[PDB]
Each structure stands twice: as C-alpha cells, then as structure tokens.
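Laid out below as structure tokens are two forms of one and the same protein chain, each shown alone and named structure 1 and structure 2.
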Structure 1
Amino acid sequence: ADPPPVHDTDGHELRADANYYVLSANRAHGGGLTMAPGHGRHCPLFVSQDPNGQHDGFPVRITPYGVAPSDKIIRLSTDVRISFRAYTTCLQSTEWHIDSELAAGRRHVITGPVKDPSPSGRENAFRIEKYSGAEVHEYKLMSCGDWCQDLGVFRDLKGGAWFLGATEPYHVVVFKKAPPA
C-alpha cells in the first residue's frame, strides 16, 4: 500500500492478528491503556490510562476499518477499529468509539454500545499517525468521525481516573507486542 506501516517496539510492523499494549513513549507520562468506570457511570467503561509506568494495561486489537483486510499489516493514516482484548463486568462491546455526550464538559472515547449513532456511524473510526516529522517511532491516536481530532488523556483525576479523550496534551504512544488472547 502507500502509508508506511506502524512499528512496534521491536521494529516489526503491526499485524491485524496480534495484540499490543499501547504505552507512553515517555514513561514519565504513565503506563498503558485500560478500562475504568467514572464520572458517575458504572457502564459503559471509559478508556483509561494506568498512571503507574510499570503497568502495561490491557492488550489491544487493532483492525483495518471493517472491510479493509489485505496483508494483515497495520499502516499509518488509515481507518482502524480498536478493541481491548479483555473481559469486563459490564459485559458489553469492548471496542472504542468517541462519546456523543460530554462528561464534565469533556469528550471521551468510551466502550460498549454507541448510544446515539450518527448517520455516518464513524464513531468507532480511529487512525494512528506519527507524532512529529521525525524518524523516531512515536505515534498519536486520532478519532476520525467527521473530522480527525488528536487524542490526549485527562490526567487531573476528574471523574475518578485518567481518561482518554479529546484534549491536550496529545498522548504520544509506542506499541509493545503483547501475548495472544
């Protein structure tokens, strides 16, 4: 294809049939991604970030936007769906999607059923991109429904935990190959 592939920490390309931990490029920013309740909601669970640098969080499954499989390689600037390969007490879909509602005036990426589907139904479309023009393998995630918005994590503990959402500063990520599940 055209967009370069996304690489994991060992330099290999991301595969659509493998699980990866999405860690901070700088460990000073915390650990991997996970799921957590908050802001008064029991379910659906928000996509949270573990504040502890030694915590890898939950492995994630990255998949070419539904009808796009080909060589199983995951490339930059391409629509992708993301799911946590983990079990939850909410017993709901564990796939990410941008929230249609604000919680504490902030827009977060959540889990479970899409409450108010847009005609486009692109709430679950994300993209992986290089954070800067540098060669280093450091990325950022974007929510791309109507427009693409960079994602960052709210680290002020509002709502009970750190949550992923539409905010600065954008979270610069790295992918570590995780065990199969």
Structure 2
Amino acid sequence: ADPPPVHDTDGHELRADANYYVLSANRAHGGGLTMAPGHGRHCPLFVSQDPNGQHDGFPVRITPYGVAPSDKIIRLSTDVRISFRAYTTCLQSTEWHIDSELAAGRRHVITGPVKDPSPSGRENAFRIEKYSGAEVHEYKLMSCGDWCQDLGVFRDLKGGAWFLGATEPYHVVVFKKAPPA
C-alpha cells in the first residue's frame, strides 16, 4: 500500500506543517539542526548541526512534495519539502535543498535560492527512511534525484560549523514536536 508513517518522539504520526525539532537519535552525537553562514559571504545559510546535545536548533516544517494528499501524514520513503521555522538577516527562503547532482565538489544541504537550478529541480526533495538501528522510532534523511544520497554531518573541531551533507556515517535523527508553539 502507501508507505507507513514517520513518528515523532511521543509516538504520534508526523503531520504536514506541524513543527518538529530534528534531534540526534543519540544525544551523545550532538544537538538539533540550525543554520550557519559563510565566513565571507553570509547568505545563503547552510543547514548545520549544533554540536551541543542540549540545543534543539530550529524546528522544521515538512510538506509532501508534489500533489497534496488528503490525510497529511508524512510517510516513509516519500518525497517531501523541508524548511526551517526561523527568521534571518538574509530575508530568503528557509527551505532546504541539496547541492545539485550536476555540480562539482562536496554536496551540502543549504537554504535559500540557487542561481542555475537543475532541469528537474528535485534538489529540494528529501525522503525519510528507517534506520536499521531504530529501537525506537529513528530515521535517516536522504536526497534522491538520479541517485539517492543519505545525509551525514561534516564534523569539524576547530570547530567550524558542522555541515549537513553527502557523508557517512549518516546522521540518525528523531523528530520532537515543538512545545505548544
């Protein structure tokens, strides 16, 4: 049938447009997700992970990619858009996309607009998948265009910011509903 739902930390199914912190499934691995700028050019802000297990970062709002389904439950292995509930000096979209499959370099997850979108423009499509670890309800994030790429964190202890991107070990996460918000 249609895929099973993703669950929050309270056991409830994720809903479109509700606000969830994206926490490490293992707090020993760090904090939630935030935005971090260039050193030189500040904007667009990259999505990064707070190294402090006590910091929840910004919550995210998740919406089905493509045609609106009637129930609004976020399902596993299903393309979704992800954007931060946050306000910036950049005054630009806080929606995530991954660096184009067609660009040279490392692939990071970033926010805001791109000059030169790819033809399909699927770089803003992400999927949540089950992690074979998940004694309890824990997930990995991936981006799929012509191939699928799981997301990990580029850790740096400098430390520069810990950028989310195409790197393994993968970043295993859990979704915590923002408290009455």
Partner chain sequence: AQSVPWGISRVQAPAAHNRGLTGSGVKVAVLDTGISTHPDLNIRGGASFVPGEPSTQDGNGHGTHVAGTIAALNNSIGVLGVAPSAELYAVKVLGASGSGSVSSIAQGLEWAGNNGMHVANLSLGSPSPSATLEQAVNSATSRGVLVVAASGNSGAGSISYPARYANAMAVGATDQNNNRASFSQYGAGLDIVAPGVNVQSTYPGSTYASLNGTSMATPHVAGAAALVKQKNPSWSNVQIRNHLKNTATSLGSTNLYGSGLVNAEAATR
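Think of the rigid core as the biggest set of C-alphas that the two forms share within 1.5 Å after superposition. Counting starts at 1 and follows the sequence of structure 1.
The chain appears twice here, and it is structure 1 that represents the form deposited without the partner chain. Of the residues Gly38, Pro44, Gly31, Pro64, just one CA atom moves 2 angstroms or more between structures 1 and 2 under rigid-core superposition; it belongs to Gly38. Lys158 shows a C-alpha shift of 2 Å or greater between structures 1 and 2 [criterion: core-superposed Cα displacement of 2 Å]. Shown in the overlay between structures 1 and 2, fitted on the rigid core, is a CA shift at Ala103 of 2 Å or greater.
With the core superposed, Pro119 shows a C-alpha displacement below 2 Å between structures 1 and 2. In the core-aligned comparison between structures 1 and 2, the Cα atom of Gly133 sits 7.1 Å away from its counterpart. Once the core is aligned between structures 1 and 2, the alpha carbon position of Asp17 differs by 2.6 Å; this is the C-alpha shift at that site. Its Cα shifted by 1.5 Å between structures 1 and 2, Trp147 is reported here after superposition on the rigid core.
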